[PDB]
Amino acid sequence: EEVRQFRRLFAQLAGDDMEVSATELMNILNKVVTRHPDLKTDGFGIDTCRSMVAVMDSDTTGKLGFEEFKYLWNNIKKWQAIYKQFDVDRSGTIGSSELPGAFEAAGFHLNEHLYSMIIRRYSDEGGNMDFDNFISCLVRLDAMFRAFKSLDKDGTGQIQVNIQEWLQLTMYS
């Protein structure tokens, strides 16, 4: 099976403490893109990884357990495919005009104002977003959408968040 094969990757990656840290996450992700010449990236940095872990660590352990990691990995496997598909000019990167289509393929229908804000923060001078930036942007986007949805209990379209919660959601990410 595949769940058999995954426990095997996980158990190997997680190591001694049965959890995968920011550092371990960084290594595996860097070990993989290496064999993907169609993905341009300057590498998955430690800071980006620590952010990926925090935003994915729903149980506040500082590291990712089996489920948390399983969620992250599956998403990443699906997202890398979208990136390749939408980089129609084989630049190895997602361009400004290539972005909306890719996010939509990943299930994120935003607006022109939001894509712009996104390009400004994650893309470079040129409007080109490389692979790590893309995955990084998507892990966060997914977490924030999830976070909003869980706080929208009445189904009203708006949430109420107090100072303590706010600081917890924005700082531990």
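Residue indices: 1-based, along the sequence shown. Rigid core: the largest C-alpha set superposing within 1.5 Å between the two forms.
Of the two segments 19-27 and 149-157, the one whose CA positions lie farther from the displayed form in 5 other deposited structures of this protein, once all are superposed on the rigid core, is 149-157.
Comparing the deposited coordinates for 136-144 and 121-129, the stretch with the larger average C-alpha B-factor is 121-129.
If you average the C-alpha B-factors over 48-56 and over 105-113, the higher value belongs to 105-113.
Per-chain ranking of the deposited C-alpha B factor places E24 in the lowest third. Split the chain's modelled residues into thirds by C-alpha temperature factor. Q80 is in the lowest one. Per the deposited record, the Cα B-factor of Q164 falls in the middle third when ranked against the other modelled residues of its chain.
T170: CA B factor in the lowest third of modelled residues in this chain (values from the PDB entry).
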